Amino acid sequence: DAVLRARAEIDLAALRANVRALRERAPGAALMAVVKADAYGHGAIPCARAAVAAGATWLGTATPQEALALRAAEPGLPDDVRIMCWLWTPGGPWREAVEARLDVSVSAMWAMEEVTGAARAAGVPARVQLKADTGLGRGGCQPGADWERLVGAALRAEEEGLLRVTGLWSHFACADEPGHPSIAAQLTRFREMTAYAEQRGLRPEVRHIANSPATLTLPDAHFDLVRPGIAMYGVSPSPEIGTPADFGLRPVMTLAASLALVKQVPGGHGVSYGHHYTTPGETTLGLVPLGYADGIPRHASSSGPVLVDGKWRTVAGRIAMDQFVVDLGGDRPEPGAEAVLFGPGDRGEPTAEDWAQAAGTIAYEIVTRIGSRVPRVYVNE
């Protein structure tokens, strides 16, 4: 019913194909299926099921709310599966997390005190992962005095039987630019900081630093576990890394819509807000009923590609809240016709990366921000 306007087709078979492709590239490691941000706009639970089915033994989320929803899923995901969440703030539901058997990242002393406190109240121990700041400079614990202290506080919490440090981990800043100096720097600092913590008595199940581009291009970086997010959704972290086809990967999301309106307009007739496109001669206009409220970026005004009626069209002028227009040369498809904004590539459609370029951003943002008003349709469940 709502699918008639537009839809995001989520091909869960492609997803499973990707997870397998990725388990091949990282043969000596477990794979985490990162399903944060509603599985990058693809649907958290469905994608998480598919990714376990195909060999993911860890799930990854940002917020603890996301991770708890995975654990509350009906039907249940395997209870034996590990679920990690990293984005915590003071007063967060640390108790509910320890009870639900989540792996929780800790990168700072306030969090260590809060998680330890919660393990006491709950009675059962915590699974904690220390985040090390290797150079990224976002979240993460800085080396030297802060790391010393956190490693130590973790060691005491292990003594007292309140938690076991199940991992040591970090994140790359520039892995998507292959052979950039910082990659090697962060990597040897990850080895120093991990070595230090093991040398002082911590015994983790897993070390991990690898995001998608790392996983694809740096076998040194794999360690016990990989976190290829975007690559699991079949999209390349960077055109410098390669196409999805280069790594045996197939895009999972196809974004399509039905033409609301096909109409003939004379020449010198403006199109959309600010009249930033006026028709060159007499022509036809197609109304695609998706706009920036649906996550069609407004930066892709005048540039965004759409396959309509067998040819690539491009957005004519500005993108509105709910709609945009394409110039159809003089072609006259029936209203209701399919307008495919992006997909895998094999039916002549543009890809998510093509929209990333039109909008001056990364493909990550294109898929993740597809609006909740666009219903998701799941195929090959």
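When you see a residue number, it is the position in the sequence shown, counting from 1.
In this crystal structure, the stretch out of 64-72 and 308-316 whose C-alpha atoms carry the higher mean B factor is 308-316. The PDB entry reports B-factors from which the mean C-alpha value can be compared for 45-53 and 327-335; the larger average falls on 327-335.
Within the selection 206, 259, 256, 252, the deposited Cα B-factor values reach their highest point at 206.
For the set 213, 140, 167, 152, the PDB entry assigns the largest Cα B-factor to 140. Per the PDB record, residue ranking by Cα B-factor puts residue 38 in the lowest third of the chain. For residue 113, the recorded CA temperature factor ranks within the highest third of the chain's modelled residues. When all modelled residues of the chain are sorted by CA temperature factor, residue 271 is found within the highest third. Among all modelled residues in this chain, the alpha-carbon of residue 219 has a temperature factor (C-alpha) in the middle third. Residue 248: CA B factor lies in the middle third for its chain, per the PDB record.
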